[PDB]
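Protein chains in written order, with PDB author numbering: chain C, 4 to 549; chain B, 4 to 289, 295 to 549; chain A, 4 to 549.
Have a look at this one:
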């Protein structure tokens, strides 16, 4: 196959980036266009940035090669969060033109460092919203495409349950009206190690009404095969009297060498098999690290299981350590779900939750916004979280499944709003961050000498100010903000009291006043990922098609 | 594949919408042309708007992609009502030009709001015709191709049965004259799960004079096999004294795993078999509340789970002694005692009271129309007309002519009536403009948005399109170059009866349309128009 | 596929109609050309209008789409009558140009109404020929391609059997000479409801020497299944002594629900099965209407069967009502054939035939030409008709099968001549019909005011007179009628005494004098069917190929 080198490669890259930019950005705004995508023998017409991005194809192999570097990182890999795909493509285009305008390795290490300092302001500027706070309705209204009914319902579900963070599932209903099912049940991060251990021996959803859990810390492989045989047979022989089946062996990871051993151990005692159900189930959790250790401690407290460091610790056990529960559990390939929790168990969980809360109370104000505190909050939410199943209804079949997706967008938005934070929308938080960072470095008289040389005198600082305006421009062009002159220009005063336009109503004010917000994690990740992809495209000189 | 963006996308869209307009509109009028469609190795020649629309194909993929957005919503999705497809494509093309003429997002939100107020007027203008009302004769006389005898008989069939909506079946008779068979009986949506359970064990028509029905909600498969064995044997052993055979197990769906189990359960008790008839019949229905109607008709208890069959009593179990005719297509009730009809009428009033307390917009929704379909099933009589004539061909043609009359009268009472000839839309637009302008409270805002812009005036020109195509090349457009409406014509409209050749009012002559068809054409036309106008990108990959 | 609209659709329609016209009309006349059709690896050379029309194909789909509208209605659907296909295609072309010349919906409704009054004149003008009348020879001579031997023989067969109308079948013989086989046997319109009831259980030709028939009036479906079980078992149990197998249940129609029931009823009594033959056979008749009721009465009289209104009437029966015949019958999938009729039965048939004849004797002269009288005559002919089998011979194999077809044309001509009527040939009857209708409307002073405005002053009446001439022109162009001037023109005097030319002899005279005749039904149907197809072609604006 052909080999492209030199000015032609940088030529192809510039063209593909341009065409992808034009197709995705046209979706944004009040004059927001619509894209008509062909799929088989049907037609799907949409204005969704992610769905547009996923579907763009090119004929030439050289063109498709570049296309898989701009779209696919924020398209195929981005499965957890759909939002912020339009933003990432948009910023990539912006920052690519910045790397081309200031060429050479010396400038590049300055650009990368300034943008990194802008990212440090956005992470600081994020407003941590509380459950009771009415701002959630504004976020819910924006994410629902101006739905008055849905945004009221979902905002109430979080606000009424002040103390517990609700987990929400969605199913296609039958009626015209919606129906809500509230349940006091917890969601756990454990899942099957092997499909054989489930009901029907093929990775099914096993429902239980009694168990005896044991939490191991170590990652289990071929080295621990003997320790499992010694451990399992000790409990089955000696401590069978005070044991409710099945025995759950929760751990970090179960390798295939260990799983095959535990399959044979189930076959060793065929008397304890009830209706096909295996009496021993290995259960893995995707955590890792010393931060990740304490998630298994939550798993231990929920199910009255003892914490064990080594696999060989299964031998040295007693009636004080072993505790078989008689509640209700639903094991699954994706995740396990608890349901029936006795008042005696809920006392133990709430006491353990208070222990985590007390640790957060005795930390500094700066460390409250850190990864440590937010993870410890994620621990609490898992320990005190309720399951809600909403069955969405409507007039037809197509209107139901579309409304299901519109519900899912609102749930994802409100979850991430309470989790990560909130920033002023309308393309304002990025302009505030850049203009903040330039002013901070210039005003700080210690490093002002170096800061002026690298950024201010170069014209990097000024060119970066022009880039932050991009989003605000696309949203509020062809409207009454850009009416007085050819183009609107920001000043020092506008940073204190920003100016936007509510497209639904038709009024001018501050994002804080009107109520336009974005999720912090989406906007931050867009800048991080936009910087990385821009750098790659600017510094590529060769395309190999063989 | 290729990616089309910019002026080219709006270039293709304009072309395809143009071609589909020309092909479908040519069908309308007295100079209604004919379309020659190819199917296999034959030729179908027709002037039916829907059939033309369904069949138009394009060679280019881009062109075909757009074609599926303009035709297919009023073609493939529209299965319940065939009429109002020529009307929707017409309005789509009209409103598309209105959006291109006033570009930019501010104008668009003003158009969408004015048209929304026009829709509200049509829903108000709609004459909801009653059973006893003599206007049905005018609809019957038009639809039967000026038949004096047929329009009289069918209109009398509806008018004499004031209180019950008659379901009419048609059969090819034997005599010159027609013969009518009236029956006080209801049609039900239940049918055999397996052919074995019928009379003769081969899907026959089993006639019964007594039964004990039980309505289950769940879909039944291999998982419910044990629950059926526990359920059936409980009633046969314990509650045999107050039980009239056969036991009817009505449900959503019976899978083959469950049907085979219930076949063996019939064989388990051979003493209860009378003249071959199986004493247990599973019955499926193709909508949770439709089974509630089935439950009320046959005095059956509503049951969520299959295991609920065990926990039952004389209070819950009620064996009827009426008359039922089970069938592979549908089941038919006949003998209903005065005690049962009190329960059915009380349940029918409960559905009617729910419809009384809804908004005016929701009365034309799927919710209200489904609930009306529930009522008509609960209060409907079966009539069998055997159509006769001189030859064989004259009979079967007269059968079709009867069927068109039934379809017309059903839809007239069901949906509503509006002045035909493209008059109701002109009355709606000109009404809404005058109402907003005359109302001195909002006259300041109304003038700025609609009147001064030229939106109001351009929208008046659009409503004329249908009246133009129907009555161009005739004596209305004779005096001058083009006919123009005035203030006086709204009070007393002007059309032309193409059959007779006379000028008058639609009320006088007798030209009417179904209300739901014309309303939904405007709604669906507005949505498809907006999408077409606002599309700038086509993805062919 | 492509979509053709506007002036191009009308462009194609005109061309295809033109080509088909030229090919089929060149066949007609004394200078009647020949068409050389390819079939497989052989060559068929013919001057037959129907065979030419059936075989014309086009390469383009648009052209072939139209071709199936002009040929196929008088080609594929027209199976009963082969003759009058050259006439129909000719008239289509003519009337198409009449609709194009006077466009607009107001003119069209006037054309259709005038042509309709011409049709009414042709049905009035029809000469009802009698069996003894010698004119049949002239019809026989023209249809046989001037055969002196064949036209003499077939004309004698009808003339000698004065009273009974002979049914003629044809078979490929062995000798050089022909051989005639006369049999006193009747043809009935009954046939198998299902193929299972025949000999071999696969729709074979069951031959019988005894039966007991029962004629039901009603159309039988799922509703009559119980009435059949009660009916059949009543006769099999009670009245078995005076019953000759098989039991024939003749009716209007047997649906598949009823047929399956009667299959099981045969299996119920296996003792009465003789050599595979089912003892119960349902038999349908294609009639419909209350005119059609009396054909079953003929069926009842032939086989000594009782007339029954309801299916439940089978129960209430007795030795006086039940009568089992011991003649000879041949059941068939197409039709049933009676053979052996005893002198006692022939007395009953002749008495019933006289009853129908007496009804015709006491009607008005106008009603003798109506549908009522002609149907009642068709009843008589079925009740008194004899079977004749002619085995046609010749010198080779090909000369025999060609002579078979030439016999079949003569039979079809003479049958329809006596049945329908006779009109003056040479394209004269249509000229007399048009010129009659115009003169009648113009002369009638009551409607003369309206008639002149619609037809005369418009020029429709004059243009219609020119079209009737078309057939007469094609036949007698390039001969001594068109000799004195450029073209022959009709006058007032020629309507009283028409002028043609006998092409065999070479003489000028009246069609009545010389002896040129046409079958009335062929010429009438050609005008009706030609008008309908002309209208469709003129009014088509769109062609869909997808």
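Where a beta carbon is used, it is the ideal one built from N, C-alpha and C, also for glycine.
When the options are compared against residue i, the one with the closest alpha-carbon
{"i": "residue 418 of chain C", "options": "C:140, C:95 and C:69", "result": "C:140"}
{"i": "residue 34 of chain C", "options": "C:541, C:482, C:544 and C:414", "result": "C:482"}
{"i": "residue 381 of chain B", "options": "B:484, B:167 and B:211", "result": "B:167"}
{"i": "residue 104 of chain A", "options": "A:467, A:535, A:502 and A:15", "result": "A:467"}
{"i": "residue 114 of chain B", "options": "B:518, B:296 and B:457", "result": "B:457"}
{"i": "residue 513 of chain A", "options": "A:427, A:117, A:531 and A:56", "result": "A:427"}
{"i": "residue 69 of chain A", "options": "A:11, A:88, A:125 and A:243", "result": "A:11"}
{"i": "residue 495 of chain C", "options": "C:541, C:436 and C:424", "result": "C:436"}
Burial state of residue i, where buried means 16 or more other Cβ atoms lie within 10 Å
{"i": "residue 454 of chain C", "result": "buried"}
{"i": "residue 383 of chain A", "result": "buried"}
{"i": "residue 44 of chain C", "result": "exposed"}
{"i": "residue 298 of chain A", "result": "buried"}
{"i": "residue 463 of chain C", "result": "buried"}
{"i": "residue 63 of chain B", "result": "exposed"}
{"i": "residue 183 of chain A", "result": "exposed"}
{"i": "residue 60 of chain A", "result": "exposed"}
Cβ of residue i within 8 Å of any chain C Cβ
{"i": "residue 192 of chain B", "result": "no"}
{"i": "residue 108 of chain B", "result": "yes"}
{"i": "residue 374 of chain B", "result": "yes"}
{"i": "residue 543 of chain B", "result": "yes"}
For residue j and residue i, believed in contact at Cβ under 8 Å, the rounded distance
{"i": "residue 260 of chain B", "j": "residue 228 of chain B", "result": "6 Å"}
{"i": "residue 90 of chain C", "j": "residue 416 of chain C", "result": "14 Å between Cβ atoms; not a contact."}
{"i": "residue 191 of chain A", "j": "residue 218 of chain A", "result": "That pair is no contact at about 12 Å."}
Those residues which DSSP pairs with residue i across a bridge
{"i": "residue 521 of chain B", "result": "B:426"}
{"i": "residue 49 of chain C", "result": "C:38"}
{"i": "residue 505 of chain B", "result": "B:510"}
{"i": "residue 210 of chain C", "result": "C:333"}
{"i": "residue 195 of chain B", "result": "B:286"}
{"i": "residue 310 of chain C", "result": "C:218"}
Cβ of residue i within 8 Å of any chain B Cβ
{"i": "residue 25 of chain C", "result": "yes"}
{"i": "residue 116 of chain A", "result": "no"}
{"i": "residue 81 of chain A", "result": "no"}
{"i": "residue 71 of chain A", "result": "yes"}
{"i": "residue 518 of chain A", "result": "no"}
{"i": "residue 549 of chain A", "result": "yes"}
{"i": "residue 292 of chain A", "result": "yes"}
{"i": "residue 59 of chain C", "result": "yes"}
{"i": "residue 296 of chain A", "result": "yes"}
{"i": "residue 370 of chain A", "result": "no"}
CB contact check: residue i to chain A, cutoff 8 Å
{"i": "residue 294 of chain B", "result": "Any structural detail on residue 294 of chain B is unavailable, because chain B resumes at 295 straight after 289."}
{"i": "residue 410 of chain B", "result": "no"}
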